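Quick heads-up: it's one chain on its own, the form deposited in one PDB entry, in structure tokens.
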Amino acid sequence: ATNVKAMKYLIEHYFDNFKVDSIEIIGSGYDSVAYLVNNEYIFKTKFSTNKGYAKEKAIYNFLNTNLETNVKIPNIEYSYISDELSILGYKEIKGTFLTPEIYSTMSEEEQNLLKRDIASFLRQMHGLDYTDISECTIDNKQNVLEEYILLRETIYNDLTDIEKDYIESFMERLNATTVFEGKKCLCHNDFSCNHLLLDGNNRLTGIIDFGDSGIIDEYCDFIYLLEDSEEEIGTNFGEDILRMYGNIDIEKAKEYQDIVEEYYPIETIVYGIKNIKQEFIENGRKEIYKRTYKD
């Protein structure tokens, strides 16, 4: 139980008179680990990476001050932020994560109420005056262009023709699309069903992981709601939510999701380059072949 011991130590060291009586791992990413401490607190942690926890903390603070909602989000009680180590702690939001299986046991009315809850939460968050967090802007198109330049400066010339063509074909679509020219607002920006918590009546009770959140295209928060995969509910779910949300071009939302999805293998390669992780470069290149050959 080595990781747990270390992180217990660090929590007690940086947070005076916080006492860890229990601690377990409840989640992880490639760069992070989350712990449930005293069956009450979530502690999210990471070591040296590529101002992440600073922003996420600022966003929680901004949202807890400004949202009027019964939906719970993390409320940061402990933080330690440095280049080499960042920790955020908050009381665990209780509930059951939404999944496709759970959704399929819900009555039609239950499903509608959950969809309305989501639409309402997104309408309220996207309608906030974000002046107070105006530094948290994210420009996805410009980010992609910069990543493309990094590719050109590093490994692009060693890729295969098939890989190059996939990339260039994406860049050509990026240049022709209009889906980055619409409304910008504060978005969750990783808005998948594994971040949505339900209460005992299958209503939306909490939303977690605003770690990628920022001021960005309004379309961003529909990308997973529109996704047809084993992990998400399905395209009709996102469509209905978009109709409830109102005043948004559904076809552009879908175009934006389709473009993000096409980018994925390239995003994966770029992550590998930036983090010096060859396995990610390989995985993304292989995925380009998988997509190219899908019939």
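Counting begins at 1, following the sequence as shown.
Beyond what is shown, the protein has a form solved in complex with a small molecule; the following relates to that form.
Peer 1: Quick one: which of 167-175, 184-192, 127-135, 111-119 gets within 4.5 Å of the small molecule in the deposited bound form, going by heavy atoms?
Peer 2: Correct option: 184-192.
Peer 1: For the small molecule, considered in the deposited bound form: do all three of 229, 260 and 267 come within 4.5 Å of it, counting heavy atoms only?
Peer 2: Yes.
Peer 1: Please tell me whether any heavy atom belonging to residue 219 falls inside 4.5 Å of a heavy atom of the small molecule, as the geometry stands in the deposited bound form.
Peer 2: Residue 219: no, not in contact with the small molecule in the deposited bound form.
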